[PDB]
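Presented below, as structure tokens, is a lone chain in the form deposited in one PDB entry.
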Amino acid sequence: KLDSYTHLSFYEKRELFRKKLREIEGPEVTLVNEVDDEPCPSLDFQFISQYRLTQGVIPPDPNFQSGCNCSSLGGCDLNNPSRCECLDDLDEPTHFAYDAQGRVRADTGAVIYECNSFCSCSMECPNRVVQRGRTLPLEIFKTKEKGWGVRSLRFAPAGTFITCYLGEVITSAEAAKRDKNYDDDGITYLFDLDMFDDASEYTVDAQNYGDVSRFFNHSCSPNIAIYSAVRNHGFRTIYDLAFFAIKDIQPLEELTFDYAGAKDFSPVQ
């Protein structure tokens, strides 16, 4: 029932969005809508691959960073939990967060300690998973009752890294400033970085800048979860919000999460 002008307008809008997706560095990200005629999600945002820092936010200074030098040939060898200085932040059931497959071991907690730029291993170092980024091709799609969601295009074994939640790092102050501007917003892309001290009170906002993950929906029985990955072991005022599959993800299955912090990880209770 759309007239020629509208039909063409929707067509061009959906193509601009797919162009925006083709420009993302990494596996393919597609756009589909089998539910209605909505061209695509709003185009008023920019995809980024790094946190965008704002006014007032004092980022963790990289200068005071510890760099493990236990890089023999390959990475850092996952059999030497007692050799890395990236792991010195805790010694109990010692071990690297990942196995050989690059998946996140089930004995790994809510905190992952990856190697820094101050370490001596190559980018293929098994403890540089998150840093290597997305490997799974994804698809943004129109759900029937919820807005747009994201589903995997390939099967993803439990423990597989998916992507990080990127955005603008704002202070909990301005966060509230924006909270006073959120009008009839069906979704408020806010993510608090309070895994540790609550003094920093920093929050990630993906409203104008973000990654594909800004499209992920919430759910009660999620298949992905946030893993606080850190490189600057000394200053966790800002760290990476990493999504890892918690269970096997079938191809075309929608990806959903529900942040619970370290209050769903370490406890069987």
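Each form is matched to the other, and the largest set of C-alpha atoms that superpose within 1.5 Å is called the rigid core. Heads up: residue numbers just count along the shown sequence, starting at 1.
The protein also exists as the form deposited in another entry; that form is not presented, and the subsequent description refers to it.
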item: Did residue 259 shift 2 Å or more between the shown form and the other one, C-alpha, core superposed; value: yes
item: Inter-Cα distance between residue 231 and residue 261 in the other entry, nearer or further [3 Å or more]; value: farther
item: In the other entry, shift in Cα separation for residue 262 relative to residue 48, 3 Å or more; value: closer
